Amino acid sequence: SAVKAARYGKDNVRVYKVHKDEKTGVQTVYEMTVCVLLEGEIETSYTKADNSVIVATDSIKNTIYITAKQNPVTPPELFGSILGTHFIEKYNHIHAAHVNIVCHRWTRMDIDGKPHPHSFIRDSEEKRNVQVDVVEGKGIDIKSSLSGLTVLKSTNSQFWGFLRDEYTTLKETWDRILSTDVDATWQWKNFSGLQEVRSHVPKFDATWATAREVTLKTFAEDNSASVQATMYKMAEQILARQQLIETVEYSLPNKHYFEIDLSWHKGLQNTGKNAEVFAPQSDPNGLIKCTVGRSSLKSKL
């Protein structure tokens, strides 16, 4: 036998950081969950009980907290790049660091119409995430995402004109509920190293904000022909607004809300135009995915 692939490290490292402005009194908090997995010349730890090649996962944990103490933790694209770069620079035999960060929301409270200097609310379980792959000799590859953004529209969604054969029971509809949990990912151009990442720092928060804005406005305003058609519109707009991202990926469940025929009970009308009460379905669910990039076709367009 031989080792074909290996990576190891510390997962589920919860990290909080506070910034205190002593002049103004305003405090700002950040909370994340971090995973760092390393690759390199480590195969003998598996094959020969050679622990000399292992940077202990406990040490990786320590390093996450030390790096958070010594650097900004925002934007997460930067923090992840600093953290991954540390491992491949510090350890000659480590050649890749894979850093995943989930950022948790702590939104400043407004009390009596004024932002409070040191109190926060988890205003959504929506996350902002990064996946930062730092590969020695091959730069830094970053995927940024938002996830757990749960939305519903009560009309202006349709689904008709789909294939119908002997496996089909679904009725066409010109007016349905559409609800999803949005997972949207934008993948950046490869960066050559940490200096290039730093050179683009403002673009990270700006592009996350664009992605979120476009997602919400397109969902709300598109009289949707399908999940497929709507998500594509989102992706094409995000690509148009940031030239440093190469692709946009969406993964969207179709969280079904079924009509309830009540006509068996006193002739109650609760379908079609009279549909008011629905049964949300926990499972199963449609699942619709696509990755959108920029065109390179010049004929047969």
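Start at 1 with the first residue shown and count on from there.
Per-stretch averaging of Cα B factors for 232 to 240 and 22 to 30 places 22 to 30 on top. When the mean C-alpha temperature factors of 108 to 116 and 207 to 215 are read from the deposited coordinates, 108 to 116 comes out higher. Per the PDB record, 136 has a higher Cα B-factor than any other of 136, 77, 183, 126. Set against one another, the Cα B-factors of 62, 269, 251, 254 in the record reach their highest point at 269. In the deposited entry, the Cα temperature factor of residue 38 sits in the bottom third of values across the chain's modelled residues.
Sorting the modelled residues of the chain by their CA temperature factor places residue 195 in the middle third. Among all modelled residues in its chain, residue 245 ranks in the highest third by Cα B-factor. Sorting the modelled residues of the chain by their CA temperature factor places residue 92 in the highest third.
Residue 53: CA B factor lies in the highest third for its chain, per the PDB record.
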